[PDB]
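Trainee: File coords_35.pdb below, PDB, N, CA, C and O atoms:
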ATOM      1  N   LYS A   1     -28.168 -37.503  11.809
ATOM      2  CA  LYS A   1     -28.234 -36.047  11.948
ATOM      3  C   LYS A   1     -29.583 -35.600  12.507
ATOM      4  O   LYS A   1     -30.626 -36.064  12.046
ATOM      5  N   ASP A   2     -29.722 -35.418  13.799
ATOM      6  CA  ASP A   2     -30.976 -34.950  14.403
ATOM      7  C   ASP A   2     -31.612 -33.845  13.565
ATOM      8  O   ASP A   2     -30.909 -33.041  12.950
ATOM      9  N   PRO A   3     -32.930 -33.972  13.229
ATOM     10  CA  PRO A   3     -33.567 -32.862  12.518
ATOM     11  C   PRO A   3     -33.214 -31.500  13.117
ATOM     12  O   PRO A   3     -33.077 -31.374  14.335
ATOM     13  N   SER A   4     -32.770 -30.523  12.290
ATOM     14  CA  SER A   4     -32.357 -29.177  12.669
ATOM     15  C   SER A   4     -33.393 -28.516  13.580
ATOM     16  O   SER A   4     -33.033 -27.766  14.487
ATOM     17  N   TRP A   5     -34.643 -28.954  13.387
ATOM     18  CA  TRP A   5     -35.681 -28.315  14.182
ATOM     19  C   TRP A   5     -35.683 -28.851  15.610
ATOM     20  O   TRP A   5     -36.101 -28.156  16.540
ATOM     21  N   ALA A   6     -35.150 -30.052  15.844
ATOM     22  CA  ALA A   6     -35.132 -30.670  17.166
ATOM     23  C   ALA A   6     -34.127 -29.979  18.082
ATOM     24  O   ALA A   6     -34.204 -30.100  19.304
ATOM     25  N   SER A   7     -33.301 -29.164  17.516
ATOM     26  CA  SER A   7     -32.245 -28.523  18.293
ATOM     27  C   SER A   7     -32.618 -27.087  18.653
ATOM     28  O   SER A   7     -31.837 -26.385  19.301
ATOM     29  N   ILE A   8     -33.782 -26.671  18.185
ATOM     30  CA  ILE A   8     -34.270 -25.334  18.512
ATOM     31  C   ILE A   8     -34.752 -25.298  19.959
ATOM     32  O   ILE A   8     -35.695 -26.004  20.323
ATOM     33  N   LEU A   9     -34.056 -24.532  20.748
ATOM     34  CA  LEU A   9     -34.374 -24.378  22.164
ATOM     35  C   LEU A   9     -34.745 -22.932  22.485
ATOM     36  O   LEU A   9     -34.230 -22.002  21.860
ATOM     37  N   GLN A  10     -35.732 -22.796  23.351
ATOM     38  CA  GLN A  10     -36.048 -21.455  23.832
ATOM     39  C   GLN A  10     -34.872 -20.857  24.599
ATOM     40  O   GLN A  10     -34.289 -21.511  25.467
ATOM     41  N   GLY A  11     -34.475 -19.696  24.218
ATOM     42  CA  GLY A  11     -33.422 -19.019  24.956
ATOM     43  C   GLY A  11     -33.825 -18.666  26.376
ATOM     44  O   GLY A  11     -35.014 -18.661  26.708
ATOM     45  N   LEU A  12     -32.825 -18.279  27.240
ATOM     46  CA  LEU A  12     -33.065 -17.941  28.639
ATOM     47  C   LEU A  12     -33.954 -16.708  28.755
ATOM     48  O   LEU A  12     -34.811 -16.634  29.637
ATOM     49  N   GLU A  13     -33.853 -15.776  27.851
ATOM     50  CA  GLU A  13     -34.605 -14.525  27.885
ATOM     51  C   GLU A  13     -35.507 -14.390  26.659
ATOM     52  O   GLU A  13     -36.003 -13.301  26.366
ATOM     53  N   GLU A  14     -35.569 -15.398  25.909
ATOM     54  CA  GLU A  14     -36.412 -15.412  24.718
ATOM     55  C   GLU A  14     -37.877 -15.634  25.081
ATOM     56  O   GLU A  14     -38.217 -16.617  25.741
ATOM     57  N   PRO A  15     -38.688 -14.697  24.703
ATOM     58  CA  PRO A  15     -40.116 -14.924  24.920
ATOM     59  C   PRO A  15     -40.614 -16.208  24.259
ATOM     60  O   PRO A  15     -40.142 -16.577  23.181
ATOM     61  N   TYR A  16     -41.575 -16.825  24.856
ATOM     62  CA  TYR A  16     -42.078 -18.124  24.426
ATOM     63  C   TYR A  16     -42.652 -18.049  23.015
ATOM     64  O   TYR A  16     -42.402 -18.931  22.189
ATOM     65  N   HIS A  17     -43.389 -17.013  22.675
ATOM     66  CA  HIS A  17     -43.992 -16.912  21.350
ATOM     67  C   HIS A  17     -42.925 -16.787  20.266
ATOM     68  O   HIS A  17     -43.103 -17.297  19.155
ATOM     69  N   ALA A  18     -41.894 -16.031  20.574
ATOM     70  CA  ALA A  18     -40.795 -15.913  19.620
ATOM     71  C   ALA A  18     -40.140 -17.268  19.370
ATOM     72  O   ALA A  18     -39.824 -17.608  18.225
ATOM     73  N   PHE A  19     -39.922 -18.027  20.423
ATOM     74  CA  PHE A  19     -39.390 -19.381  20.342
ATOM     75  C   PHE A  19     -40.306 -20.271  19.508
ATOM     76  O   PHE A  19     -39.847 -20.967  18.600
ATOM     77  N   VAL A  20     -41.569 -20.301  19.754
ATOM     78  CA  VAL A  20     -42.537 -21.137  19.048
ATOM     79  C   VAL A  20     -42.556 -20.766  17.566
ATOM     80  O   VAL A  20     -42.654 -21.642  16.703
ATOM     81  N   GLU A  21     -42.417 -19.474  17.292
ATOM     82  CA  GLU A  21     -42.379 -19.014  15.905
ATOM     83  C   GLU A  21     -41.173 -19.591  15.169
ATOM     84  O   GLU A  21     -41.300 -20.057  14.035
ATOM     85  N   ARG A  22     -39.955 -19.558  15.782
ATOM     86  CA  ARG A  22     -38.769 -20.138  15.161
ATOM     87  C   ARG A  22     -38.944 -21.639  14.944
ATOM     88  O   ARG A  22     -38.576 -22.164  13.889
ATOM     89  N   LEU A  23     -39.556 -22.241  15.896
ATOM     90  CA  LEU A  23     -39.806 -23.675  15.794
ATOM     91  C   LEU A  23     -40.757 -23.982  14.643
ATOM     92  O   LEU A  23     -40.517 -24.903  13.861
ATOM     93  N   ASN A  24     -41.787 -23.223  14.560
ATOM     94  CA  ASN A  24     -42.783 -23.387  13.508
ATOM     95  C   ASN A  24     -42.163 -23.229  12.122
ATOM     96  O   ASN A  24     -42.434 -24.029  11.222
ATOM     97  N   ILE A  25     -41.341 -22.252  11.957
ATOM     98  CA  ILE A  25     -40.667 -21.985  10.693
ATOM     99  C   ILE A  25     -39.733 -23.139  10.343
ATOM    100  O   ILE A  25     -39.717 -23.613   9.204
ATOM    101  N   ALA A  26     -39.009 -23.636  11.308
ATOM    102  CA  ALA A  26     -38.084 -24.746  11.094
ATOM    103  C   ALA A  26     -38.834 -26.009  10.684
ATOM    104  O   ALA A  26     -38.385 -26.746   9.800
ATOM    105  N   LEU A  27     -39.924 -26.260  11.288
ATOM    106  CA  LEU A  27     -40.700 -27.450  10.958
ATOM    107  C   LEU A  27     -41.289 -27.341   9.555
ATOM    108  O   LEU A  27     -41.310 -28.322   8.808
ATOM    109  N   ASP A  28     -41.698 -26.154   9.192
ATOM    110  CA  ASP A  28     -42.243 -25.913   7.858
ATOM    111  C   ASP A  28     -41.207 -26.214   6.783
ATOM    112  O   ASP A  28     -41.544 -26.759   5.730
ATOM    113  N   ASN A  29     -40.017 -26.012   7.128
ATOM    114  CA  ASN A  29     -38.951 -26.129   6.139
ATOM    115  C   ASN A  29     -38.315 -27.513   6.162
ATOM    116  O   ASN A  29     -37.729 -27.953   5.171
ATOM    117  N   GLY A  30     -38.501 -28.203   7.259
ATOM    118  CA  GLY A  30     -37.658 -29.377   7.435
ATOM    119  C   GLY A  30     -38.437 -30.678   7.438
ATOM    120  O   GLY A  30     -37.865 -31.755   7.266
ATOM    121  N   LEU A  31     -39.741 -30.602   7.622
ATOM    122  CA  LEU A  31     -40.522 -31.830   7.733
ATOM    123  C   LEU A  31     -40.768 -32.440   6.355
ATOM    124  O   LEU A  31     -41.040 -31.722   5.393
ATOM    125  N   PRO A  32     -40.532 -33.730   6.212
ATOM    126  CA  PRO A  32     -40.898 -34.407   4.961
ATOM    127  C   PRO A  32     -42.355 -34.184   4.576
ATOM    128  O   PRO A  32     -43.204 -33.995   5.447
ATOM    129  N   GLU A  33     -42.627 -34.249   3.311
ATOM    130  CA  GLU A  33     -43.997 -34.103   2.818
ATOM    131  C   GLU A  33     -44.930 -35.123   3.460
ATOM    132  O   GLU A  33     -44.608 -36.314   3.523
ATOM    133  N   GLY A  34     -46.049 -34.686   4.080
ATOM    134  CA  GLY A  34     -47.049 -35.579   4.634
ATOM    135  C   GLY A  34     -46.906 -35.788   6.131
ATOM    136  O   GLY A  34     -47.758 -36.420   6.760
ATOM    137  N   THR A  35     -45.785 -35.298   6.686
ATOM    138  CA  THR A  35     -45.598 -35.417   8.128
ATOM    139  C   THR A  35     -46.469 -34.405   8.873
ATOM    140  O   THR A  35     -46.472 -33.219   8.542
ATOM    141  N   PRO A  36     -47.247 -35.001   9.884
ATOM    142  CA  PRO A  36     -48.082 -34.072  10.651
ATOM    143  C   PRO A  36     -47.262 -33.106  11.496
ATOM    144  O   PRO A  36     -46.498 -33.536  12.364
ATOM    145  N   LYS A  37     -47.407 -31.862  11.375
ATOM    146  CA  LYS A  37     -46.611 -30.806  12.013
ATOM    147  C   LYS A  37     -47.135 -30.494  13.412
ATOM    148  O   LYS A  37     -46.353 -30.316  14.347
ATOM    149  N   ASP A  38     -48.395 -30.505  13.511
ATOM    150  CA  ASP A  38     -49.019 -29.975  14.720
ATOM    151  C   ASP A  38     -48.624 -30.793  15.946
ATOM    152  O   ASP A  38     -48.214 -30.243  16.962
ATOM    153  N   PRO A  39     -48.750 -32.128  15.922
ATOM    154  CA  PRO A  39     -48.339 -32.904  17.094
ATOM    155  C   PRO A  39     -46.850 -32.756  17.409
ATOM    156  O   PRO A  39     -46.457 -32.747  18.580
ATOM    157  N   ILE A  40     -46.018 -32.594  16.366
ATOM    158  CA  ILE A  40     -44.583 -32.415  16.543
ATOM    159  C   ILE A  40     -44.307 -31.047  17.167
ATOM    160  O   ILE A  40     -43.530 -30.939  18.119
ATOM    161  N   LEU A  41     -44.972 -30.071  16.618
ATOM    162  CA  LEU A  41     -44.816 -28.721  17.143
ATOM    163  C   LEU A  41     -45.211 -28.660  18.614
ATOM    164  O   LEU A  41     -44.482 -28.096  19.435
ATOM    165  N   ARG A  42     -46.284 -29.232  19.050
ATOM    166  CA  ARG A  42     -46.764 -29.200  20.427
ATOM    167  C   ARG A  42     -45.800 -29.928  21.360
ATOM    168  O   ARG A  42     -45.536 -29.464  22.472
ATOM    169  N   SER A  43     -45.363 -30.993  20.919
ATOM    170  CA  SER A  43     -44.404 -31.754  21.718
ATOM    171  C   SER A  43     -43.109 -30.972  21.917
ATOM    172  O   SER A  43     -42.612 -30.863  23.039
ATOM    173  N   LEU A  44     -42.617 -30.392  20.846
ATOM    174  CA  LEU A  44     -41.361 -29.651  20.914
ATOM    175  C   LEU A  44     -41.548 -28.333  21.656
ATOM    176  O   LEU A  44     -40.632 -27.863  22.336
ATOM    177  N   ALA A  45     -42.695 -27.708  21.502
ATOM    178  CA  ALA A  45     -42.993 -26.459  22.199
ATOM    179  C   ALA A  45     -42.851 -26.628  23.710
ATOM    180  O   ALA A  45     -42.431 -25.700  24.406
ATOM    181  N   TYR A  46     -43.131 -27.819  24.185
ATOM    182  CA  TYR A  46     -42.996 -28.079  25.610
ATOM    183  C   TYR A  46     -41.590 -28.562  25.947
ATOM    184  O   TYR A  46     -40.925 -27.997  26.818
ATOM    185  N   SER A  47     -41.149 -29.586  25.260
ATOM    186  CA  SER A  47     -39.900 -30.249  25.610
ATOM    187  C   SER A  47     -38.701 -29.341  25.381
ATOM    188  O   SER A  47     -37.692 -29.440  26.084
ATOM    189  N   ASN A  48     -38.786 -28.355  24.445
ATOM    190  CA  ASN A  48     -37.661 -27.489  24.107
ATOM    191  C   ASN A  48     -37.820 -26.099  24.717
ATOM    192  O   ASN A  48     -37.056 -25.185  24.398
ATOM    193  N   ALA A  49     -38.843 -25.896  25.502
ATOM    194  CA  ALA A  49     -39.034 -24.632  26.207
ATOM    195  C   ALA A  49     -37.987 -24.446  27.301
ATOM    196  O   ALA A  49     -37.425 -25.424  27.804
ATOM    197  N   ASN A  50     -37.636 -23.288  27.660
ATOM    198  CA  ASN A  50     -36.730 -23.081  28.785
ATOM    199  C   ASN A  50     -37.374 -23.489  30.108
ATOM    200  O   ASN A  50     -38.576 -23.755  30.162
ATOM    201  N   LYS A  51     -36.628 -23.592  31.181
ATOM    202  CA  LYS A  51     -37.048 -24.187  32.443
ATOM    203  C   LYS A  51     -38.235 -23.433  33.039
ATOM    204  O   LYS A  51     -39.152 -24.048  33.587
ATOM    205  N   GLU A  52     -38.191 -22.093  32.881
ATOM    206  CA  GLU A  52     -39.262 -21.278  33.453
ATOM    207  C   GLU A  52     -40.591 -21.553  32.755
ATOM    208  O   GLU A  52     -41.618 -21.738  33.406
ATOM    209  N   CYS A  53     -40.576 -21.546  31.428
ATOM    210  CA  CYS A  53     -41.802 -21.808  30.689
ATOM    211  C   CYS A  53     -42.264 -23.248  30.889
ATOM    212  O   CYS A  53     -43.464 -23.511  30.976
ATOM    213  N   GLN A  54     -41.317 -24.171  30.977
ATOM    214  CA  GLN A  54     -41.674 -25.562  31.251
ATOM    215  C   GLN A  54     -42.405 -25.689  32.582
ATOM    216  O   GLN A  54     -43.389 -26.422  32.688
ATOM    217  N   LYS A  55     -41.951 -25.004  33.572
ATOM    218  CA  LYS A  55     -42.592 -25.009  34.881
ATOM    219  C   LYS A  55     -44.014 -24.472  34.805
ATOM    220  O   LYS A  55     -44.935 -25.029  35.406
ATOM    221  N   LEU A  56     -44.172 -23.373  34.047
ATOM    222  CA  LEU A  56     -45.496 -22.773  33.894
ATOM    223  C   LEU A  56     -46.439 -23.732  33.177
ATOM    224  O   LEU A  56     -47.594 -23.884  33.579
ATOM    225  N   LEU A  57     -45.928 -24.358  32.187
ATOM    226  CA  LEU A  57     -46.745 -25.290  31.419
ATOM    227  C   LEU A  57     -47.126 -26.501  32.263
ATOM    228  O   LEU A  57     -48.263 -26.969  32.205
ATOM    229  N   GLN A  58     -46.227 -27.006  33.059
ATOM    230  CA  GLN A  58     -46.505 -28.128  33.943
ATOM    231  C   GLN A  58     -47.513 -27.749  35.020
ATOM    232  O   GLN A  58     -48.444 -28.507  35.302
ATOM    233  N   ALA A  59     -47.308 -26.622  35.564
ATOM    234  CA  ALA A  59     -48.169 -26.148  36.644
ATOM    235  C   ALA A  59     -49.610 -26.000  36.172
ATOM    236  O   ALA A  59     -50.546 -26.250  36.932
ATOM    237  N   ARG A  60     -49.783 -25.751  34.929
ATOM    238  CA  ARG A  60     -51.113 -25.503  34.393
ATOM    239  C   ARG A  60     -51.651 -26.722  33.655
ATOM    240  O   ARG A  60     -52.741 -26.689  33.085
ATOM    241  N   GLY A  61     -50.881 -27.803  33.601
ATOM    242  CA  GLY A  61     -51.289 -29.018  32.914
ATOM    243  C   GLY A  61     -51.273 -28.887  31.403
ATOM    244  O   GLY A  61     -52.108 -29.482  30.716
ATOM    245  N   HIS A  62     -50.418 -28.014  30.869
ATOM    246  CA  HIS A  62     -50.388 -27.739  29.438
ATOM    247  C   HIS A  62     -49.152 -28.353  28.780
ATOM    248  O   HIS A  62     -48.496 -27.710  27.960
ATOM    249  N   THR A  63     -48.726 -29.621  29.189
ATOM    250  CA  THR A  63     -47.536 -30.273  28.647
ATOM    251  C   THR A  63     -47.835 -30.895  27.284
ATOM    252  O   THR A  63     -46.913 -31.195  26.520
ATOM    253  N   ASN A  64     -49.022 -31.047  26.915
ATOM    254  CA  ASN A  64     -49.471 -31.552  25.623
ATOM    255  C   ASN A  64     -50.763 -30.870  25.174
ATOM    256  O   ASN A  64     -51.592 -31.491  24.496
ATOM    257  N   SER A  65     -51.052 -29.648  25.583
ATOM    258  CA  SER A  65     -52.240 -28.865  25.256
ATOM    259  C   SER A  65     -52.097 -28.181  23.904
ATOM    260  O   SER A  65     -51.008 -28.160  23.324
ATOM    261  N   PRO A  66     -53.225 -27.827  23.405
ATOM    262  CA  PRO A  66     -53.141 -27.024  22.183
ATOM    263  C   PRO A  66     -52.172 -25.852  22.308
ATOM    264  O   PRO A  66     -52.029 -25.280  23.390
ATOM    265  N   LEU A  67     -51.487 -25.533  21.208
ATOM    266  CA  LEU A  67     -50.430 -24.530  21.175
ATOM    267  C   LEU A  67     -50.929 -23.201  21.719
ATOM    268  O   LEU A  67     -50.201 -22.505  22.437
ATOM    269  N   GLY A  68     -52.150 -22.833  21.420
ATOM    270  CA  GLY A  68     -52.726 -21.595  21.933
ATOM    271  C   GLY A  68     -52.716 -21.516  23.445
ATOM    272  O   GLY A  68     -52.411 -20.467  24.016
ATOM    273  N   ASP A  69     -53.043 -22.639  24.071
ATOM    274  CA  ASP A  69     -53.049 -22.703  25.531
ATOM    275  C   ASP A  69     -51.628 -22.583  26.085
ATOM    276  O   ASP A  69     -51.411 -21.914  27.101
ATOM    277  N   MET A  70     -50.690 -23.217  25.421
ATOM    278  CA  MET A  70     -49.293 -23.139  25.834
ATOM    279  C   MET A  70     -48.767 -21.714  25.718
ATOM    280  O   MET A  70     -48.087 -21.222  26.623
ATOM    281  N   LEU A  71     -49.153 -20.997  24.635
ATOM    282  CA  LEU A  71     -48.745 -19.613  24.414
ATOM    283  C   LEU A  71     -49.303 -18.702  25.512
ATOM    284  O   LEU A  71     -48.579 -17.852  26.034
ATOM    285  N   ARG A  72     -50.506 -18.922  25.867
ATOM    286  CA  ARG A  72     -51.153 -18.109  26.890
ATOM    287  C   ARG A  72     -50.528 -18.351  28.258
ATOM    288  O   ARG A  72     -50.361 -17.414  29.046
ATOM    289  N   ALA A  73     -50.174 -19.575  28.483
ATOM    290  CA  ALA A  73     -49.607 -19.949  29.775
ATOM    291  C   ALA A  73     -48.262 -19.270  30.004
ATOM    292  O   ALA A  73     -47.958 -18.830  31.112
ATOM    293  N   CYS A  74     -47.462 -19.124  28.980
ATOM    294  CA  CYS A  74     -46.104 -18.613  29.129
ATOM    295  C   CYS A  74     -46.062 -17.105  28.932
ATOM    296  O   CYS A  74     -45.006 -16.484  29.068
ATOM    297  N   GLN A  75     -47.191 -16.506  28.561
ATOM    298  CA  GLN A  75     -47.268 -15.064  28.355
ATOM    299  C   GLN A  75     -46.992 -14.305  29.652
ATOM    300  O   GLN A  75     -46.514 -13.168  29.620
ATOM    301  N   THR A  76     -47.312 -14.993  30.732
ATOM    302  CA  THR A  76     -47.149 -14.354  32.034
ATOM    303  C   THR A  76     -45.667 -14.249  32.400
ATOM    304  O   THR A  76     -45.289 -13.417  33.226
ATOM    305  N   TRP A  77     -44.963 -15.111  31.710
ATOM    306  CA  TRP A  77     -43.527 -15.079  31.930
ATOM    307  C   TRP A  77     -42.861 -14.046  31.023
ATOM    308  O   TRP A  77     -43.059 -14.057  29.807
ATOM    309  N   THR A  78     -42.317 -13.020  31.499
ATOM    310  CA  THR A  78     -41.489 -12.033  30.806
ATOM    311  C   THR A  78     -40.083 -11.999  31.392
ATOM    312  O   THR A  78     -39.907 -12.024  32.610
ATOM    313  N   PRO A  79     -38.984 -12.354  30.593
ATOM    314  CA  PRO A  79     -37.669 -12.161  31.219
ATOM    315  C   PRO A  79     -37.537 -10.807  31.916
ATOM    316  O   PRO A  79     -38.287  -9.876  31.612
TER
END
Reformat the file's structure so that it appears as structure tokens.
Mentor:
Amino acid sequence: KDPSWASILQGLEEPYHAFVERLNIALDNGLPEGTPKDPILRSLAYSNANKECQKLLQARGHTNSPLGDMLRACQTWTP
């Protein structure tokens, strides 16, 4: 059963921060005790982002950057 949080995908018109927030909440609830959240969150923030935000993140070299940088990068994107 793939972790419920691994299936969280950014919607087509969902702002990136809203998506990251849902992801963050899911990880808080679903990660076993002692599992590092931050590296998982960063990885998923990129890999589960919609195509537009993924492009922005790639273009800026933020495919594994701190979450703050990823948030700033996708802010320019408004559905």
Trainee: Looking at only N, CA, C and O atoms, which of A:56, A:74, A:49, A:41 is the one that sits closest to residue 24 of chain A?
Mentor: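 For residue 24 of chain A, the nearest of the given residues is A:41.
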Trainee: Ranking A:4, A:35, A:54, A:47 by minimum distance to residue 23 of chain A and counting all atoms listed in the file, which one comes first?
Mentor: A:4
Trainee: Going by the chain IDs and residue numbers used in this file, which residues fall under the PyMOL selection byres (((chain A and resi 63-65 and name CA) around 12) and name CA)? Write them as a PyMOL selection string.
Mentor: chain A and resi 38-49+53-62+66-74
Trainee: Atom CA of residue 5 of chain A to atom O of residue 52 of chain A: how many Å, to one decimal?
Mentor: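 According to the coordinates, atom CA of residue 5 of chain A and atom O of residue 52 of chain A are separated by 21.2 Å.
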Trainee: As a PyMOL selection string, please: all residues of chain A that backbone DSSP puts in helix (DSSP H, G or I).
Mentor: chain A and resi 4-7+16-30+37-47+51-59+67-74
Trainee: Got a sec: who's within 8 Å of residue 3 of chain A, counting only N, CA, C and O atoms, leaving out chain neighbours fewer than 3 positions off, as a list in words?
Mentor: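 With the cut-off at 8 Å, the set is residues 6, 7, 8, 26 and 30 of chain A.
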Trainee: Quick one: axis-aligned box around all listed atoms of segment 23-37 of chain A, 5 Å on every side, centre and edge lengths in Å to one decimal, written as AutoDock Vina command-line options.
Mentor:
--center_x -42.9 --center_y -29.2 --center_z 9.4 --size_x 20.4 --size_y 24.4 --size_z 23.1
Trainee: Here is a test: counting only N, CA, C and O atoms, which residue of A:51, A:1, A:33, A:79 is nearest to residue 13 of chain A?
Mentor: A:79
Trainee: One decimal, Å: what's the distance from atom CA of residue 11 of chain A over to atom CA of residue 78 of chain A, could you say?
Mentor: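 Answer for the atom CA of residue 11 of chain A to atom CA of residue 78 of chain A separation: 12.2 Å.
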Trainee: Would you work out the distance separating atom O of residue 14 of chain A from atom O of residue 50 of chain A, expressed in Å to one decimal?
Mentor: 8.4 Å
